[PDB]
Amino acid sequence: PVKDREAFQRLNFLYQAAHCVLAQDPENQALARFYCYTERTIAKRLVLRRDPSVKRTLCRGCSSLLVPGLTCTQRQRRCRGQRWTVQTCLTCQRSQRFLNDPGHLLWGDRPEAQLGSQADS
Amino acid sequence: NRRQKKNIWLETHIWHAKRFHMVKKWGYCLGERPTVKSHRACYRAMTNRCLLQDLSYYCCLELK
Amino acid sequence: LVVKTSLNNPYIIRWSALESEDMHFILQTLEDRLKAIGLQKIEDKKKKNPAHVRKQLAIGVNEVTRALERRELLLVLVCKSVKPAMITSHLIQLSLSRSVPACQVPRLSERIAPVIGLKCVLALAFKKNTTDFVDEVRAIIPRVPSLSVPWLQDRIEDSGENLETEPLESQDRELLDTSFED
Amino acid sequence: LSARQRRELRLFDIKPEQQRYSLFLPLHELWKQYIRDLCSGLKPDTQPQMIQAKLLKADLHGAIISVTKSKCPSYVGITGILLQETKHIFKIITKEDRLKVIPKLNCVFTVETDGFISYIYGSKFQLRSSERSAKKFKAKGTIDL
RNA sequence: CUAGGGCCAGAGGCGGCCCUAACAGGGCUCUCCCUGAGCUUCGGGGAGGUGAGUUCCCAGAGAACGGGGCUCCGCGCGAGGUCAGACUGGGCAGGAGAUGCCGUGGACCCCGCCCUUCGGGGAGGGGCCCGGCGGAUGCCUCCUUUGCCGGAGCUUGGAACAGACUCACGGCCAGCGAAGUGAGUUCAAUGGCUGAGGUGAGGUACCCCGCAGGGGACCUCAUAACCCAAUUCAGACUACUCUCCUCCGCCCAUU
Ligand SMILES: [Zn+2]
């Protein structure tokens, strides 16, 4: 548990360096894309238990963790029934569906609010 | 037969290619050298012992 | 004892301070400045039988995001609809370049309720580039408390990381879900 | 998918070369504060093999290096922070706008810490450097420079 | 003892073509996966069809089937009012998104032209899903509501027409004790020395010819390493650098 806690610093260091690159200079994203590719390669080989919302904002198409917020498209629509948020990055032209709805708030708290509540030392 | 559509493939050509080096030439593919080292042995069989060949390239004009 | 460590990193981006009185009177000022001009916009849209329509009132999440993407000086009003509001308004938090994302937690539905319109607007913004709507609203814009986001760089050369290694227990989810397979 | 991801590129161009290198200065402060929060022990003296474990297991992406000995003399005398890392090379950026590609074939790099100086022989450090923190670092071979 | 063969069962035969029987072989073309300092039409490695089995924990509805969890919809069943368009009358939904535009996206359905008449393959049009942009009304003509069933959808996890591994598309059947390998030894021989030329280089007080020069002549250094044959050959492998044909990258200096 200690050696994995060591590599946690390296992984979120690469994650913070990607945010430093994307907050430093706009429209030239090669450093942050390479850092997110290295961060995904570490999680692909040394496979761990990562956080569900951050990793789904990493946009696993190629690599874009902060890019689809202020540069690429994240909007809402209603396709068939419940309304869906569409997340599309302008690099590999892939899409992400995420339904957001008030009747299912407990299922929005079913993976997330438990780990905040059941956290014991 | 499908391979023989291109080359000649004589009746004893498969027997030769089973244990002799067959190299393509001006006409068909024929035996250049034996697989086993017998350069002195071919002469020793040529002087006193028995030795044979395969001569099928000789085309024939029959005139009547 | 099945306990696995998980690298969870929600570096908590807390909202603006809960200044009840200041927000409470500036929102009433906004209601006064909206009711002081008139209702030609709904009469031009619904056509119950054009100058007030020229505002670009971005209503809905997608219109506010397409207003906040390109390059636009404007004001956004955000309310918390349900508990999943961080994912939707994370765009509004992240798009701080040249706009003001004012967020009111209890009060923005009570803004849409007396104003003659339709169903309760969750995210609102207005594009009013170079046209004079109300100068007092543009005086209120640098008076609201601004939000500082230390998630990216926070505009100052200073970086701080935090270590949040959560122990996920199998027993907790086991007793909450109560499922077995053989 | 890989050939479909290789359309535009993921690598640098001519346009990010002129990005006014003082903007890359907070990356050094980020790496320095990360070393300050990682090791967190300075004063008396402590365990250089702990330092070798930190220098083996951590990713060196975005760090200050300087070539101190190499087989090519023109490679030696080059400082700067590094930006990319590949199979047997890695790319750095230097002073007034120009970038250099240094190969990890037979060379050694001085790395300046907050209060320490470390020589790293870039011979065995290779092969998609996420493999370095993963597994398979054994004791083979010496490097004569 | 022609194994270009036969025997019980099988009707399956490892992407396609070409050569060889040395078919765990080589070459070309197409696709997929992974990686690479030449933007990439580049290079390297692995794989190609069919059938069966399997894939830490947590999470999730399902890691192979079905049910139990929720949401949306009704050529099916049922109940009530029956007050069934009255000033385009009533009801539902809609800024939490109805609709409009665009299509080298789908293993989907229908029409439809060409090769062809088993699985079929290709240009196009209509509906659903999908992505991009901007936003106000759409549904029905007696109406409304829950319950069963059917169809569709879901944020997770390294995984959900997937990917990866293993097994299978056959098994059995044929020897000669007599001389002596362009080296043939087995208590296990064979690249030993000298000199001139070959090639990579340097220097010139030598000779011949008249475009500053060119050609030949003299001296020195370097010609290594990997390793060693016991029956041969073909192919693949691994270990090479005096040596030659190309594709290249980085850095330094010049115009
Ligand atoms: Zn992506």
# chains A, B, ... in the order shown; residues from 1 in each chain; ligands from 1

$ residues_near_ligand --ligand "ligand 1" --cutoff "7 Å" --atoms "only C-alpha atoms (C1' of nucleotides) and all ligand atoms" --output "tab-separated table (two decimals) with N, CA and C atoms, in the first residue's frame"
chain	number	residue	atom	x	y	z
A	59	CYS	N	-11.59	11.93	-21.00
A	59	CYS	CA	-12.03	11.76	-22.39
A	59	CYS	C	-11.16	10.76	-23.14
A	60	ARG	N	-11.34	9.46	-22.83
A	60	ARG	CA	-10.39	8.39	-23.16
A	60	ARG	C	-10.18	8.13	-24.65
A	61	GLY	N	-10.78	8.93	-25.55
A	61	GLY	CA	-10.59	8.83	-26.99
A	61	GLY	C	-9.13	8.85	-27.43
A	62	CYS	N	-8.44	9.98	-27.29
A	62	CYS	CA	-6.99	9.89	-27.26
A	62	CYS	C	-6.43	10.40	-25.93
A	63	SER	N	-6.55	11.71	-25.70
A	63	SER	CA	-6.22	12.38	-24.44
A	63	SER	C	-6.73	13.82	-24.42
A	64	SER	N	-7.70	14.13	-23.56
A	64	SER	CA	-8.09	15.52	-23.28
A	64	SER	C	-8.82	15.63	-21.95
A	89	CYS	N	-15.15	16.17	-28.13
A	89	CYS	CA	-13.86	16.82	-28.29
A	89	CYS	C	-13.51	16.91	-29.77
A	91	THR	N	-10.76	16.49	-31.51
A	91	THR	CA	-9.50	15.86	-31.88
A	91	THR	C	-9.71	14.57	-32.66
A	92	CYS	N	-10.49	13.63	-32.11
A	92	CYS	CA	-10.74	12.35	-32.75
A	92	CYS	C	-12.21	12.15	-33.10
A	94	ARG	N	-15.04	11.83	-31.37
A	94	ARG	CA	-15.84	10.87	-30.62
A	94	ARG	C	-16.78	11.60	-29.67

$ residues_around --residues "residue 18 (chain C)" --least-positions-apart "4" --cutoff "10 Å" --atoms "only C-alpha atoms (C1' of nucleotides)" --output "number ranges by chain"
C: 22-23, 104-105, 145

$ residues_around --residues "residue 41 (chain B)" --least-positions-apart "4" --cutoff "12 Å" --atoms "only C-alpha atoms (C1' of nucleotides)" --output "list in words"
residues 34, 36, 37, 45, 46, 47, 48, 49, 50 and 51 of chain B; 180, 181 and 182 of chain E

$ interface_residues --of "chain E" --to "chain D" --cutoff "12 Å" --atoms "only C-alpha atoms (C1' of nucleotides)" --output "PyMOL selection string"
chain E and resi 32-37+39-40+249-253

$ write_last_selection --atoms "C-alpha atoms (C1' of nucleotides)" --output "PDB file, in the first residue's frame"
ATOM      1  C1'   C E  32      -6.478  -5.231 -37.305  1.00  0.00           C
ATOM      2  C1'   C E  33      -3.349  -4.362 -32.636  1.00  0.00           C
ATOM      3  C1'   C E  34       1.168  -2.180 -30.364  1.00  0.00           C
ATOM      4  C1'   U E  35       5.625   0.868 -30.675  1.00  0.00           C
ATOM      5  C1'   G E  36       8.938   4.198 -33.082  1.00  0.00           C
ATOM      6  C1'   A E  37      13.982  11.565 -32.711  1.00  0.00           C
ATOM      7  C1'   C E  39       4.043  14.615 -41.010  1.00  0.00           C
ATOM      8  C1'   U E  40       2.870   9.474 -41.818  1.00  0.00           C
ATOM      9  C1'   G E 249      17.337  11.564 -37.411  1.00  0.00           C
ATOM     10  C1'   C E 250      19.837  15.045 -34.037  1.00  0.00           C
ATOM     11  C1'   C E 251      23.677  18.689 -33.036  1.00  0.00           C
ATOM     12  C1'   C E 252      27.835  22.070 -34.794  1.00  0.00           C
ATOM     13  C1'   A E 253      29.707  25.579 -38.729  1.00  0.00           C
TER      14        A E 253
END

$ residues_around --residues "residue 9 (chain C)" --least-positions-apart "2" --cutoff "7 Å" --atoms "only C-alpha atoms (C1' of nucleotides)" --output "list in words"
residues 51 of chain A; 7, 11 and 164 of chain C

$ write_last_selection --atoms "N, CA, C and O atoms" --output "PDB file, in the first residue's frame"
ATOM      1  N   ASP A  51     -10.679   7.393  -9.727  1.00  0.00           N
ATOM      2  CA  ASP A  51     -11.919   8.118  -9.485  1.00  0.00           C
ATOM      3  C   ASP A  51     -12.792   8.174 -10.737  1.00  0.00           C
ATOM      4  O   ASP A  51     -12.280   8.347 -11.849  1.00  0.00           O
TER       5      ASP A  51
ATOM      6  N   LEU C   7      -7.084   6.221  -5.544  1.00  0.00           N
ATOM      7  CA  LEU C   7      -6.655   7.599  -5.776  1.00  0.00           C
ATOM      8  C   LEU C   7      -7.848   8.374  -6.320  1.00  0.00           C
ATOM      9  O   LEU C   7      -8.118   8.421  -7.523  1.00  0.00           O
ATOM     10  N   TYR C  11     -10.423  17.675  -5.987  1.00  0.00           N
ATOM     11  CA  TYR C  11      -9.974  18.890  -5.318  1.00  0.00           C
ATOM     12  C   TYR C  11     -11.138  19.870  -5.304  1.00  0.00           C
ATOM     13  O   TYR C  11     -11.506  20.423  -6.345  1.00  0.00           O
ATOM     14  N   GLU C 164      -5.336  12.570  -1.429  1.00  0.00           N
ATOM     15  CA  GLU C 164      -6.615  12.017  -0.991  1.00  0.00           C
ATOM     16  C   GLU C 164      -6.671  10.557  -1.429  1.00  0.00           C
ATOM     17  O   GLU C 164      -7.178  10.238  -2.507  1.00  0.00           O
TER      18      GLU C 164
END

$ residues_around --residues "residue 204 (chain E)" --least-positions-apart "2" --cutoff "10 Å" --atoms "only C-alpha atoms (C1' of nucleotides)" --output "JSON, numbers by chain"
{"E": [206, 218, 219]}

$ atom_distance --atom1 "CA of residue 108 (chain C)" --atom2 "CA of residue 78 (chain A)"
23.5 Å

$ residues_around --residues "region 9-11 of chain A" --least-positions-apart "2" --cutoff "10 Å" --atoms "only C-alpha atoms (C1' of nucleotides)" --output "list in words"
residues 4, 5, 6, 7, 13, 14, 15, 16, 17, 35, 36, 38, 39, 40, 42 and 43 of chain A; 7, 161, 162 and 163 of chain C; 34, 37, 38, 57, 58, 59, 60, 61 and 133 of chain D

$ select_by_dssp --residues "chain D" --states "strand (DSSP E)" --output "PyMOL selection string"
chain D and resi 64-70+79-82+89-93+99-103+107-112+117-121

$ interface_residues --of "chain A" --to "chain C" --cutoff "9 Å" --atoms "only C-alpha atoms" --output "PDB file with C-alpha atoms, in the first residue's frame"
ATOM      1  CA  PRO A   1       0.000   0.000   0.000  1.00  0.00           C
ATOM      2  CA  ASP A   4       1.066   2.459  -4.675  1.00  0.00           C
ATOM      3  CA  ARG A   5       0.756   5.587  -2.517  1.00  0.00           C
ATOM      4  CA  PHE A   8      -0.253   8.239  -6.658  1.00  0.00           C
ATOM      5  CA  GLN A   9       1.946  11.351  -6.296  1.00  0.00           C
ATOM      6  CA  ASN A  12      -1.625  13.343  -9.901  1.00  0.00           C
ATOM      7  CA  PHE A  13       1.613  15.252 -10.560  1.00  0.00           C
ATOM      8  CA  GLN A  16      -1.557  18.755 -12.342  1.00  0.00           C
ATOM      9  CA  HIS A  19      -3.608  21.578 -16.018  1.00  0.00           C
ATOM     10  CA  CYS A  20      -0.534  23.829 -15.766  1.00  0.00           C
ATOM     11  CA  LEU A  22      -3.607  23.999 -20.424  1.00  0.00           C
ATOM     12  CA  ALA A  23      -3.817  27.053 -18.155  1.00  0.00           C
ATOM     13  CA  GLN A  24      -0.481  28.450 -19.352  1.00  0.00           C
ATOM     14  CA  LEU A  48      -5.397   0.796 -10.138  1.00  0.00           C
ATOM     15  CA  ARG A  49      -8.713   2.022  -8.708  1.00  0.00           C
ATOM     16  CA  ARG A  50      -9.192   5.532 -10.093  1.00  0.00           C
ATOM     17  CA  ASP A  51     -11.919   8.118  -9.485  1.00  0.00           C
ATOM     18  CA  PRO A  52     -14.971   7.815 -11.779  1.00  0.00           C
ATOM     19  CA  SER A  53     -15.776  11.455 -12.598  1.00  0.00           C
ATOM     20  CA  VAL A  54     -12.232  12.726 -13.199  1.00  0.00           C
ATOM     21  CA  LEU A  66      -9.337  19.929 -19.373  1.00  0.00           C
ATOM     22  CA  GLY A  69     -14.490  22.431 -21.094  1.00  0.00           C
ATOM     23  CA  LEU A  70     -13.224  25.731 -22.500  1.00  0.00           C
ATOM     24  CA  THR A  71     -12.199  24.675 -26.036  1.00  0.00           C
ATOM     25  CA  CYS A  72     -14.393  21.797 -27.263  1.00  0.00           C
ATOM     26  CA  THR A  73     -18.101  21.125 -26.956  1.00  0.00           C
ATOM     27  CA  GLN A  74     -20.111  20.034 -23.917  1.00  0.00           C
ATOM     28  CA  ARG A  75     -23.843  20.747 -24.253  1.00  0.00           C
ATOM     29  CA  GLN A  76     -27.271  19.338 -23.389  1.00  0.00           C
ATOM     30  CA  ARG A  77     -30.138  18.042 -25.523  1.00  0.00           C
ATOM     31  CA  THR A  85     -25.420  15.817 -21.999  1.00  0.00           C
ATOM     32  CA  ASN A 100     -28.529  14.249 -16.086  1.00  0.00           C
ATOM     33  CA  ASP A 101     -31.979  14.120 -14.523  1.00  0.00           C
ATOM     34  CA  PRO A 102     -33.723  15.031 -11.224  1.00  0.00           C
ATOM     35  CA  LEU A 105     -30.522  11.827  -7.919  1.00  0.00           C
ATOM     36  CA  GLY A 108     -26.215  10.121  -8.824  1.00  0.00           C
ATOM     37  CA  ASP A 109     -25.358   9.604  -5.149  1.00  0.00           C
ATOM     38  CA  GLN A 114     -21.210   6.404  -0.247  1.00  0.00           C
ATOM     39  CA  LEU A 115     -17.405   6.693  -0.386  1.00  0.00           C
ATOM     40  CA  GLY A 116     -17.704  10.111   1.229  1.00  0.00           C
ATOM     41  CA  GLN A 118     -18.441   5.164   4.470  1.00  0.00           C
ATOM     42  CA  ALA A 119     -14.838   6.447   4.619  1.00  0.00           C
ATOM     43  CA  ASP A 120     -13.338   4.997   7.811  1.00  0.00           C
ATOM     44  CA  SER A 121      -9.790   4.932   9.161  1.00  0.00           C
TER      45      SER A 121
END

$ interface_residues --of "chain E" --to "chain B" --cutoff "9 Å" --atoms "only C-alpha atoms (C1' of nucleotides)" --output "ChimeraX atom specification"
/E:2,4,19,21,181-182,231-233

$ residues_around --residues "residue 117 (chain D)" --least-positions-apart "2" --cutoff "12 Å" --atoms "only C-alpha atoms (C1' of nucleotides)" --output "JSON, numbers by chain"
{"D": [48, 51, 55, 64, 65, 66, 68, 109, 110, 111, 112, 113, 114, 115, 119, 120]}

$ interface_residues --of "chain C" --to "chain E" --cutoff "7 Å" --atoms "only C-alpha atoms (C1' of nucleotides)" --output "list in words"
residues 59, 60, 121 and 170 of chain C

$ write_last_selection --atoms "N, CA and C atoms" --output "JSON list (two decimals), in the first residue's frame"
[["chain", "number", "residue", "atom", "x", "y", "z"],
["C", 59, "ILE", "N", -30.70, 31.31, -22.75],
["C", 59, "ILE", "CA", -31.53, 30.55, -21.82],
["C", 59, "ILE", "C", -31.27, 29.07, -22.08],
["C", 60, "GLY", "N", -30.99, 28.32, -21.03],
["C", 60, "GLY", "CA", -30.58, 26.94, -21.18],
["C", 60, "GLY", "C", -29.07, 26.79, -21.14],
["C", 121, "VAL", "N", -36.18, 28.84, -15.29],
["C", 121, "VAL", "CA", -34.88, 28.85, -15.94],
["C", 121, "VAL", "C", -33.79, 28.47, -14.95],
["C", 170, "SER", "N", -14.82, -3.32, 1.00],
["C", 170, "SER", "CA", -15.80, -4.19, 0.37],
["C", 170, "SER", "C", -16.99, -4.43, 1.30]]

$ closest_residue --among "D:125, D:145, D:118, D:98" --to "residue 15 (chain D)" --atoms "only C-alpha atoms"
D:98

$ select_by_dssp --residues "chain B" --states "alpha helix (DSSP H)" --output "PyMOL selection string"
chain B and resi 13-19+39-47

$ write_last_selection --atoms "N, CA, C and O atoms" --output "mmCIF file, in the first residue's frame"
data_model
loop_
_atom_site.group_PDB
_atom_site.id
_atom_site.type_symbol
_atom_site.label_atom_id
_atom_site.label_comp_id
_atom_site.auth_asym_id
_atom_site.auth_seq_id
_atom_site.Cartn_x
_atom_site.Cartn_y
_atom_site.Cartn_z
ATOM 1 N N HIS B 13 11.544 -36.170 -62.144
ATOM 2 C CA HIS B 13 11.943 -34.872 -61.612
ATOM 3 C C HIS B 13 11.631 -34.762 -60.124
ATOM 4 O O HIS B 13 12.372 -34.126 -59.371
ATOM 5 N N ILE B 14 10.552 -35.403 -59.677
ATOM 6 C CA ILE B 14 10.202 -35.375 -58.260
ATOM 7 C C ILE B 14 11.157 -36.277 -57.480
ATOM 8 O O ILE B 14 11.538 -35.953 -56.348
ATOM 9 N N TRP B 15 11.616 -37.369 -58.110
ATOM 10 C CA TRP B 15 12.611 -38.235 -57.481
ATOM 11 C C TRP B 15 13.947 -37.516 -57.343
ATOM 12 O O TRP B 15 14.654 -37.690 -56.343
ATOM 13 N N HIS B 16 14.315 -36.725 -58.354
ATOM 14 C CA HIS B 16 15.535 -35.929 -58.278
ATOM 15 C C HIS B 16 15.409 -34.824 -57.236
ATOM 16 O O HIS B 16 16.294 -34.650 -56.396
ATOM 17 N N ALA B 17 14.290 -34.093 -57.246
ATOM 18 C CA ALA B 17 14.102 -32.992 -56.303
ATOM 19 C C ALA B 17 13.911 -33.483 -54.872
ATOM 20 O O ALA B 17 14.000 -32.687 -53.930
ATOM 21 N N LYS B 18 13.639 -34.778 -54.694
ATOM 22 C CA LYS B 18 13.600 -35.353 -53.356
ATOM 23 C C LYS B 18 14.983 -35.363 -52.707
ATOM 24 O O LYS B 18 15.102 -35.181 -51.490
ATOM 25 N N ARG B 19 16.048 -35.581 -53.497
ATOM 26 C CA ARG B 19 17.393 -35.650 -52.929
ATOM 27 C C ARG B 19 18.490 -35.043 -53.812
ATOM 28 O O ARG B 19 19.657 -35.424 -53.669
ATOM 29 N N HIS B 39 31.742 -35.636 -54.900
ATOM 30 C CA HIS B 39 32.523 -35.235 -56.070
ATOM 31 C C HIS B 39 33.638 -36.224 -56.386
ATOM 32 O O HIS B 39 33.902 -36.508 -57.560
ATOM 33 N N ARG B 40 34.299 -36.761 -55.361
ATOM 34 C CA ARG B 40 35.246 -37.853 -55.554
ATOM 35 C C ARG B 40 34.506 -39.174 -55.742
ATOM 36 O O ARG B 40 34.974 -40.065 -56.461
ATOM 37 N N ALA B 41 33.333 -39.298 -55.114
ATOM 38 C CA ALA B 41 32.573 -40.540 -55.189
ATOM 39 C C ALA B 41 31.947 -40.727 -56.565
ATOM 40 O O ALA B 41 31.815 -41.861 -57.039
ATOM 41 N N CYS B 42 31.573 -39.629 -57.232
ATOM 42 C CA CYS B 42 31.055 -39.729 -58.594
ATOM 43 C C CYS B 42 32.135 -40.184 -59.569
ATOM 44 O O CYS B 42 31.872 -40.992 -60.464
ATOM 45 N N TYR B 43 33.369 -39.705 -59.388
ATOM 46 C CA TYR B 43 34.466 -40.184 -60.228
ATOM 47 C C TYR B 43 34.823 -41.635 -59.917
ATOM 48 O O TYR B 43 35.117 -42.411 -60.835
ATOM 49 N N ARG B 44 34.795 -42.014 -58.634
ATOM 50 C CA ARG B 44 35.100 -43.389 -58.246
ATOM 51 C C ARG B 44 34.030 -44.361 -58.735
ATOM 52 O O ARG B 44 34.339 -45.514 -59.057
ATOM 53 N N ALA B 45 32.779 -43.909 -58.817
ATOM 54 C CA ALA B 45 31.701 -44.682 -59.420
ATOM 55 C C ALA B 45 31.729 -44.607 -60.943
ATOM 56 O O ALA B 45 31.114 -45.433 -61.621
ATOM 57 N N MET B 46 32.397 -43.595 -61.497
ATOM 58 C CA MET B 46 32.468 -43.468 -62.947
ATOM 59 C C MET B 46 33.568 -44.352 -63.526
ATOM 60 O O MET B 46 33.463 -44.822 -64.665
ATOM 61 N N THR B 47 34.628 -44.599 -62.751
ATOM 62 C CA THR B 47 35.727 -45.422 -63.256
ATOM 63 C C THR B 47 35.374 -46.906 -63.243
ATOM 64 O O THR B 47 35.330 -47.555 -64.294
#

$ interface_residues --of "chain E" --to "chain A" --cutoff "8 Å" --atoms "only C-alpha atoms (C1' of nucleotides)" --output "PyMOL selection string"
chain E and resi 59+71-72+96-97+131+154-156+158

$ write_last_selection --atoms "N, CA and C atoms (P, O5', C5', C4', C3', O3' and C1' of nucleotides)" --output "PDB file, in the first residue's frame"
ATOM      1  P     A E  59     -20.208  -4.169  -4.630  1.00  0.00           P
ATOM      2  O5'   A E  59     -20.373  -3.077  -5.781  1.00  0.00           O
ATOM      3  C5'   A E  59     -20.435  -1.688  -5.486  1.00  0.00           C
ATOM      4  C4'   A E  59     -20.276  -0.862  -6.739  1.00  0.00           C
ATOM      5  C3'   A E  59     -21.338  -1.084  -7.806  1.00  0.00           C
ATOM      6  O3'   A E  59     -22.486  -0.284  -7.588  1.00  0.00           O
ATOM      7  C1'   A E  59     -19.185  -1.211  -8.790  1.00  0.00           C
ATOM      8  P     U E  71     -40.203   4.262 -12.659  1.00  0.00           P
ATOM      9  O5'   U E  71     -39.625   4.963 -13.969  1.00  0.00           O
ATOM     10  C5'   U E  71     -39.046   6.260 -13.916  1.00  0.00           C
ATOM     11  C4'   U E  71     -38.438   6.648 -15.241  1.00  0.00           C
ATOM     12  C3'   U E  71     -39.375   6.611 -16.439  1.00  0.00           C
ATOM     13  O3'   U E  71     -40.183   7.770 -16.540  1.00  0.00           O
ATOM     14  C1'   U E  71     -37.340   5.535 -16.995  1.00  0.00           C
ATOM     15  P     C E  72     -41.683   7.664 -17.108  1.00  0.00           P
ATOM     16  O5'   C E  72     -41.491   7.493 -18.681  1.00  0.00           O
ATOM     17  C5'   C E  72     -40.946   8.541 -19.468  1.00  0.00           C
ATOM     18  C4'   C E  72     -40.705   8.098 -20.889  1.00  0.00           C
ATOM     19  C3'   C E  72     -41.892   7.469 -21.600  1.00  0.00           C
ATOM     20  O3'   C E  72     -42.799   8.428 -22.118  1.00  0.00           O
ATOM     21  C1'   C E  72     -39.963   6.141 -21.952  1.00  0.00           C
ATOM     22  P     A E  96     -34.368  25.972 -18.513  1.00  0.00           P
ATOM     23  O5'   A E  96     -34.029  24.415 -18.538  1.00  0.00           O
ATOM     24  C5'   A E  96     -33.038  23.889 -19.417  1.00  0.00           C
ATOM     25  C4'   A E  96     -32.934  22.388 -19.298  1.00  0.00           C
ATOM     26  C3'   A E  96     -33.967  21.594 -20.098  1.00  0.00           C
ATOM     27  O3'   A E  96     -33.382  20.369 -20.541  1.00  0.00           O
ATOM     28  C1'   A E  96     -34.210  21.113 -17.792  1.00  0.00           C
ATOM     29  P     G E  97     -33.862  19.683 -21.913  1.00  0.00           P
ATOM     30  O5'   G E  97     -34.947  20.690 -22.501  1.00  0.00           O
ATOM     31  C5'   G E  97     -36.235  20.227 -22.896  1.00  0.00           C
ATOM     32  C4'   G E  97     -36.566  20.623 -24.315  1.00  0.00           C
ATOM     33  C3'   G E  97     -35.960  19.735 -25.404  1.00  0.00           C
ATOM     34  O3'   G E  97     -36.857  19.648 -26.515  1.00  0.00           O
ATOM     35  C1'   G E  97     -35.193  21.952 -25.675  1.00  0.00           C
ATOM     36  P     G E 131     -24.635  12.730 -30.285  1.00  0.00           P
ATOM     37  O5'   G E 131     -23.776  13.863 -31.003  1.00  0.00           O
ATOM     38  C5'   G E 131     -22.358  13.789 -31.021  1.00  0.00           C
ATOM     39  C4'   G E 131     -21.779  14.390 -32.276  1.00  0.00           C
ATOM     40  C3'   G E 131     -22.079  15.860 -32.518  1.00  0.00           C
ATOM     41  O3'   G E 131     -21.243  16.722 -31.768  1.00  0.00           O
ATOM     42  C1'   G E 131     -22.445  14.647 -34.509  1.00  0.00           C
ATOM     43  P     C E 154     -27.210   2.194 -23.151  1.00  0.00           P
ATOM     44  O5'   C E 154     -26.850   2.828 -21.735  1.00  0.00           O
ATOM     45  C5'   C E 154     -26.719   4.234 -21.574  1.00  0.00           C
ATOM     46  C4'   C E 154     -27.017   4.646 -20.155  1.00  0.00           C
ATOM     47  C3'   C E 154     -26.191   3.947 -19.086  1.00  0.00           C
ATOM     48  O3'   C E 154     -24.927   4.557 -18.896  1.00  0.00           O
ATOM     49  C1'   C E 154     -28.486   3.910 -18.481  1.00  0.00           C
ATOM     50  P     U E 155     -23.581   3.687 -18.994  1.00  0.00           P
ATOM     51  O5'   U E 155     -22.421   4.781 -19.018  1.00  0.00           O
ATOM     52  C5'   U E 155     -22.679   6.122 -18.610  1.00  0.00           C
ATOM     53  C4'   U E 155     -21.760   6.553 -17.492  1.00  0.00           C
ATOM     54  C3'   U E 155     -21.578   5.528 -16.375  1.00  0.00           C
ATOM     55  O3'   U E 155     -20.289   5.695 -15.790  1.00  0.00           O
ATOM     56  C1'   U E 155     -22.496   7.490 -15.477  1.00  0.00           C
ATOM     57  P     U E 156     -18.937   5.462 -16.629  1.00  0.00           P
ATOM     58  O5'   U E 156     -17.987   4.759 -15.563  1.00  0.00           O
ATOM     59  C5'   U E 156     -18.059   5.124 -14.192  1.00  0.00           C
ATOM     60  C4'   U E 156     -18.422   3.946 -13.322  1.00  0.00           C
ATOM     61  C3'   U E 156     -17.491   2.744 -13.401  1.00  0.00           C
ATOM     62  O3'   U E 156     -16.364   2.866 -12.545  1.00  0.00           O
ATOM     63  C1'   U E 156     -19.761   2.032 -13.538  1.00  0.00           C
ATOM     64  P     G E 158     -10.713  -0.694 -13.073  1.00  0.00           P
ATOM     65  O5'   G E 158     -10.642  -0.630 -14.663  1.00  0.00           O
ATOM     66  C5'   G E 158      -9.974   0.440 -15.314  1.00  0.00           C
ATOM     67  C4'   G E 158      -9.388   0.018 -16.639  1.00  0.00           C
ATOM     68  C3'   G E 158     -10.363  -0.537 -17.667  1.00  0.00           C
ATOM     69  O3'   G E 158     -11.022   0.515 -18.363  1.00  0.00           O
ATOM     70  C1'   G E 158      -8.378  -1.865 -17.584  1.00  0.00           C
TER      71        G E 158
END

$ atom_distance --atom1 "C1' of residue 222 (chain E)" --atom2 "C1' of residue 192 (chain E)"
21.7 Å
